[PDB]
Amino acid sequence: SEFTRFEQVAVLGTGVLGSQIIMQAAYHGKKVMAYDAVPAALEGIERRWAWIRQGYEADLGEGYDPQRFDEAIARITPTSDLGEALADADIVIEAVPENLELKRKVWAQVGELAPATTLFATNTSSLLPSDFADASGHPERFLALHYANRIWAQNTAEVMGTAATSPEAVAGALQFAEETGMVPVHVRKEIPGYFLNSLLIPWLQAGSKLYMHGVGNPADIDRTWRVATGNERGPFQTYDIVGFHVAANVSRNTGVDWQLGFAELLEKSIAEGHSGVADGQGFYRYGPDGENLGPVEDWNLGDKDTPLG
């Protein structure tokens, strides 16, 4: 067949990313079922729209029509009933926790309950899509759809099939991404970090490594990147945007001692209320329009040998 009709969207998971994907589709005219199994997760879903509404206002300029936003909110239906979420879905975007057992159970349900014209997309970045594509029962219409953080501003959509994904399904995901304000790109082979994380993770690791071994201050590393390479954002500016919560856990996942100290230092900034752009402060301080106001000085080494000593 083919996948060329995207009027109804089901998103599974209302978390940090889930909510951003829901608002992105809604904001571009699509009706969205916002599914979560636990009613509590949905009771404060309006909190997520408000948080997201600010991001739209700071980052988008003449984009962000507050009415578009309001009517987008009216196109969103929260639900604890998966059969209701799936009933007319032209695409399902699963954004549930990164647990393989959970993915398999969820997708088993989705495969039985959803129409046969429904395109199946998973948002995962910790797992491979082929690890649980079978659980959907329909691998030829199952692929991965990867987003960045603060997706309205950093609006990439990376489409990545398995060896079983039909090309029609790939083209459908690209189409869906185009219709929802995204820059869509085809990741032609199934690999762990798409394009974005494959580029970003070595680069961030090098940046924080330079800092943790006392080779320089975050502003130094970022300025060198910006000027030498003709760019706007160095690693530490990027950390602010990724947010310290993710980045700290990611650093802890390596078990490398210097990455641990990095993660702990991020913790100490989180505890003080500074976890990145979202708080208006991380490695840099920011203004209400998103403006970088300069580096936060207490990261600086002074005459300490490293950040830890």
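Residue indices: 1-based, along the sequence shown.
Novice: Compare the mean C-alpha B-factor of 67-75 with that of 142-150 as given in the PDB entry, and name the stretch with the higher value.
Specialist: Taking the mean B-factor of the alpha carbons in each, 67-75 is higher.
Novice: Please say which third, lowest, middle or highest, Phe244 falls into when its CA temperature factor is compared across its chain.
Specialist: Ranked within chain, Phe244 CA B lands in the middle tercile.
Novice: Ranked by Cα temperature factor within the chain, is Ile93 in the lowest third, the middle third or the highest third?
Specialist: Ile93: CA B-factor falls in the lowest third of its chain.
Novice: State the tercile, meaning the lowest, middle or highest third, of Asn300 with respect to the CA B-factors recorded for its chain.
Specialist: Ranked within chain, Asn300 CA B lands in the middle tercile.
Novice: By the record's CA B-factor, is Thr156 among the lowest, middle or highest third of residues in the chain?
Specialist: Ranked within chain, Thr156 CA B lands in the lowest tercile.
Novice: Within this chain, which third does the Cα B-factor at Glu178 fall in: lowest, middle or highest?
Specialist: It belongs to the middle third of the chain when residues are ordered by C-alpha B-factor.
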